[PDB]
Novice: 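Quick one: this structure, given as structure tokens, is what I'll be asking you about.
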Amino acid sequence: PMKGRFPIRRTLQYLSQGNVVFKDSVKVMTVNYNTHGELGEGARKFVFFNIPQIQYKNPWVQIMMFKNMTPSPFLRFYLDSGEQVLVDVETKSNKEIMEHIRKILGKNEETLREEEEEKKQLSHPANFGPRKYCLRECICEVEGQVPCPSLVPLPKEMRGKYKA
Amino acid sequence: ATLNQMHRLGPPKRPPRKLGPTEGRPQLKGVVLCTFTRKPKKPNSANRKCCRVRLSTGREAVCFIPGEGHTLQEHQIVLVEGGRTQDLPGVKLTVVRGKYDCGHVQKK
Amino acid sequence: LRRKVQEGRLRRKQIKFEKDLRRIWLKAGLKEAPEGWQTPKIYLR
RNA sequence: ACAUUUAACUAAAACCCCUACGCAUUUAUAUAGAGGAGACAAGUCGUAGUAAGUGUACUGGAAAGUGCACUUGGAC
RNA sequence: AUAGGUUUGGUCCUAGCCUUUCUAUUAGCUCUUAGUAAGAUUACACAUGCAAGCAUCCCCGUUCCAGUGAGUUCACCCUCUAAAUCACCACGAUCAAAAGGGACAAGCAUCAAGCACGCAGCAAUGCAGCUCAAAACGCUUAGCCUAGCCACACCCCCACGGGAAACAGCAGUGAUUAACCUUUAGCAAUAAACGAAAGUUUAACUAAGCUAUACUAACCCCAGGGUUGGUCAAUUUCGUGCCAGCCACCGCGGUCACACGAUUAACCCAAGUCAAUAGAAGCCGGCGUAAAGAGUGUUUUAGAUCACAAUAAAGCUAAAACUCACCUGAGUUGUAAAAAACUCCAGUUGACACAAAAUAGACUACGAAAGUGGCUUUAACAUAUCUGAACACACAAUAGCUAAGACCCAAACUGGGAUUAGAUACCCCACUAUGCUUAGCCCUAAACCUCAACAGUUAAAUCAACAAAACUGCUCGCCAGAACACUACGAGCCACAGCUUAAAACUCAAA
Ligand code: FES
Ligand SMILES: [K+]
Ligand SMILES: [K+]
Ligand SMILES: [K+]
Ligand SMILES: [K+]
Ligand SMILES: [K+]
Ligand SMILES: [Mg+2]
Ligand SMILES: [Mg+2]
Ligand SMILES: [Mg+2]
Ligand SMILES: [Mg+2]
Ligand SMILES: [Mg+2]
Ligand SMILES: [Mg+2]
Ligand SMILES: [Mg+2]
Ligand SMILES: [Mg+2]
Ligand SMILES: [Mg+2]
Ligand SMILES: [Mg+2]
Ligand SMILES: [Mg+2]
Ligand SMILES: [Mg+2]
Ligand SMILES: [Mg+2]
Ligand SMILES: [Mg+2]
Ligand SMILES: [Mg+2]
Ligand SMILES: [Mg+2]
Ligand SMILES: [Mg+2]
Ligand SMILES: [Mg+2]
Ligand SMILES: [Mg+2]
Ligand SMILES: [Mg+2]
Ligand SMILES: [Mg+2]
Ligand SMILES: [Mg+2]
Ligand SMILES: [Mg+2]
Ligand SMILES: [Mg+2]
Ligand SMILES: [Mg+2]
Ligand SMILES: [Mg+2]
């Protein structure tokens, strides 16, 4: 079987289940947590289960972790403007931390839908080209248009050999 | 191995495949230097028709002549393909019948 | 006979070491070795 | 190493240097000679006590043996 | 992989090799028509003809298109900002160099150190730094991430200069390779250049020529190639007789050969077939006995969640030896039986170690391991997370080597005694190195509980086998068929035919 505890964490489906897409302001995220102590328990799970998803959805955001440097667990976000956002996570569950960070620094669903609609415009359906970019290669694939000579030989009258 | 060790070592690195007597080519042209016969290794017994040839690469190699009856002499041009002769140790090349000087096996 | 071969190999190793050391100061621009420098014989007791 | 001239009632002309590479350095090929690995060759070839080991060290009456330590993957 | 064949007398396990599938090139044999796509092996040398003009002179273009894959992290993103197009009064958009920041192929660590590779200051100058086992530096391989991009344009990276006289433009040729397209037409379309424009030019391109390389469709007559022991669909008769020959693996052939050759029949695919070659598809599995836990411990950068018989010193000695002395005796030793040897021999008694430590111990302790078992005393047995190294730092039985010393006993070697018919290597006697102490080396063991360290469980189907009940979490180390090979080369070491690390070629179908 897959090595380690909770191997589901190392699947692309789980990594893509993350729901936090940070705004463009967030550059760095430091996660200070304690290996022991019940009060930081949720924070530990946040490191165990949710940091991979956050990083997968935010590849260009620096995420760095620190252990047993302060009595309490906390998150700090550094923004492009120089503003710093501190989120105390002691006594919180990892779901609460995820929801809080999504609320305060995550792109809302409307902005994500707008981005998806903007993406859709790039792949214009009417454009003809390679399958890698277009639905169809050539107009010959459209029903009712003159078909490709590979499949249907063209009548003798429209071919240059018998027009010359 | 642990996940850290697998990450450190990285993906398996398959050794490069070994080039055979033909040096990864379908066939090779050769000039016959001398003809002789060799005896099989034993589960068997025979007098296998073989010939030494200088290949186009310049190396000299022993090749097997298949079929009943051949008319190969010195200085003749042959085409040799791959495929080991299982009975003859060290003979990994076979002459192509019906190409250049080596003619097809005569009927009956 | 392995003594002769081995000592010849040790001599060649010393020569290679000296050649590399010379390469360095030649590339650095110094026409000669560093003032007072003498390559030690490290491969012979 | 090497150098600011002419010209100027509209404005222009003129411009140009000499030195390296070797008995240095890298790798490769060829050649004298020496040495290993595999191939238990094919037959109209031939035949009716000292337990095991691992390290070392020695052997000039060596068809194998001995000294020291250790192991049971022996016996009692 | 829905797997299959093959190790053995047999079973199970492990493990390699091969089969079945899909493409590409070449070869054999065989090939009818039509449409489409694709089309030197070679950055080797090239005969010949064309491939760049336009235009009232200036300019503009010929820096493009077309070609090749030699070299090879120049291609991508961001910042800044030229040239170019359009605004063309610029405001600025588009496009895109140079420069700055980041990203960016494969194999080899037996390429492990690079050798000036950094910083600060206006400068003078000062500091000594910078990269690197999370792979620097180095060697080798390859065009790439394909609406396309990068690099090159005969060579000297470059091209002032030199070699020297250039098809990697189209057609074509020579040589070379297994590899082999016409020395056609037209600018009618699109694109490019030029022109104010009608237009002109273009081996780009368009339309044709050749070729089973491929796709699609067809055919009145027209089917070939391979295969038929198993894997794997399918053999009648003869011929041959371990020969001739055949096989991808296992294998067949010695007078009944479904395995060779011919013939008959059958099977698969089919204008193809399938012989060779090359790709397509690889470790989330293991390490007591199959390859793999490398003798012991510590820690670094990090990762994880488990937060009384030790050893060094000093002293000391109860038995038994050796040596010396008196008294006594003529023999003592030696063994299956003897001979040599000793008779400065032997017995009692007394004195007397730099050697070794009965009994306790039927105990199972101490120490990281190696090891440690006579008595006394002095020092003394790390760490309040865990893991953490062939190489760093400290240790490692026995054997072996330098200097000095001690020598009872034992004892490799060396002599002698005794022995068959080439004796006993083996028994007996004598005596070395060595076993001991001091100061240094060497660094090997069946260094083994043949069980890596920590933490946890006993519920599950307990569980290939045997060994030692079966497992889980986490970390480090190690392993990917056999042999070559506890090897060669490289490197390191107080080691000098020594130790550690450790391959490749040829070979095999197993081990
Ligand atoms: S691809 Fe459209 S006519 Fe062929
Ligand atoms: K013009
Ligand atoms: K290339
Ligand atoms: K060049
Ligand atoms: K035209
Ligand atoms: K043991
Ligand atoms: Mg032991
Ligand atoms: Mg198998
Ligand atoms: Mg068998
Ligand atoms: Mg063919
Ligand atoms: Mg500009
Ligand atoms: Mg640039
Ligand atoms: Mg090497
Ligand atoms: Mg390493
Ligand atoms: Mg290349
Ligand atoms: Mg050039
Ligand atoms: Mg040409
Ligand atoms: Mg040329
Ligand atoms: Mg071809
Ligand atoms: Mg023309
Ligand atoms: Mg054509
Ligand atoms: Mg047959
Ligand atoms: Mg083993
Ligand atoms: Mg062990
Ligand atoms: Mg530790
Ligand atoms: Mg290591
Ligand atoms: Mg030792
Ligand atoms: Mg000693
Ligand atoms: Mg002695
Ligand atoms: Mg360990
Ligand atoms: Mg092997
Ligand atoms: Mg060695």
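Below, read A as the first sequence line, B as the second, and so on, with proteins coming before strands; counting in each chain starts at 1.
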Novice: Pick base, sugar-phosphate or nothing for B/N4, based on heavy-atom distances below 4.0 Å to the nucleic acid.
Specialist: sugar-phosphate
Novice: Is there, by distance only and without an angle test, a donor paired with an acceptor across the side chain of B/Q86 and the base of E/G251 below 3.5 Å?
Specialist: no
Novice: Would you check if the side chain of B/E81 reaches a backbone N or O of B/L79 as a donor-acceptor pair within less than 3.5 Å?
Specialist: no
Novice: Among residues at least two apart in sequence or on other chains, which ones pass salt bridge (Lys or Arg N to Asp or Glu O under 4.0 Å) with A/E118?
Specialist: none
Novice: For RNA chain D, what are the stems built from at least three Watson-Crick or G-U pairs in a row, each pair having both distances below 3.5 Å?
Specialist: D:51-58 with D:65-72
Novice: B/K18 near the nucleic acid: base, sugar-phosphate alone, or nothing, with a heavy-atom cut-off under 4.0 Å?
Specialist: sugar-phosphate
Novice: Using a 4.0 Å heavy-atom cut-off across all strands, classify A/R131 as base, sugar-phosphate, or nothing.
Specialist: nothing
Novice: With sequence neighbours left out, what residues match C/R9 under side chain to side chain contact (heavy atoms under 4.5 Å, CB included)?
Specialist: C/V5, C/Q6, C/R12
Novice: According to the Watson-Crick and G-U wobble definitions, with both distances under 3.5 Å, which nucleotide is paired to E/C386?
Specialist: E/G303
Novice: Would the distance check show the side chain of A/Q55 and the main-chain N or O of A/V61 forming a donor-acceptor pair, the cut-off being under 3.5 Å?
Specialist: yes
Novice: Which part of the nucleic acid does C/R2 contact within heavy-atom distance under 4.0 Å: base, sugar-phosphate only, or nothing?
Specialist: base
Novice: Determine the contact category for B/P40: base if any of its heavy atoms lies under 4.0 Å from a base atom, sugar-phosphate if only primed atoms, P, OP1 or OP2 are that close, otherwise nothing.
Specialist: nothing
Novice: If E/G285 has a Watson-Crick or G-U wobble mate with both distances under 3.5 Å, name it; if not, just say none.
Specialist: E/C479
Novice: Are E/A191 and E/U190 stacked, with six-ring centres under 5.5 Å and planes under 30°?
Specialist: yes
Novice: Which is true for B/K39 with a 4.0 Å heavy-atom rule: it touches a base, it touches only sugar-phosphate, or it touches nothing?
Specialist: nothing
Novice: Nearest nucleotide by nearest heavy atom, which residue falls closer to the 5' end of RNA chain E, A/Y162 or C/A28?
Specialist: A/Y162
Novice: Inspect the six-membered rings of E/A421 and E/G422 and say whether their centres lie under 5.5 Å apart and their planes under 30° apart.
Specialist: no
Novice: Indicate, with a heavy-atom threshold strictly under 4.0 Å, whether A/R44 touches base, sugar-phosphate, or nothing.
Specialist: nothing
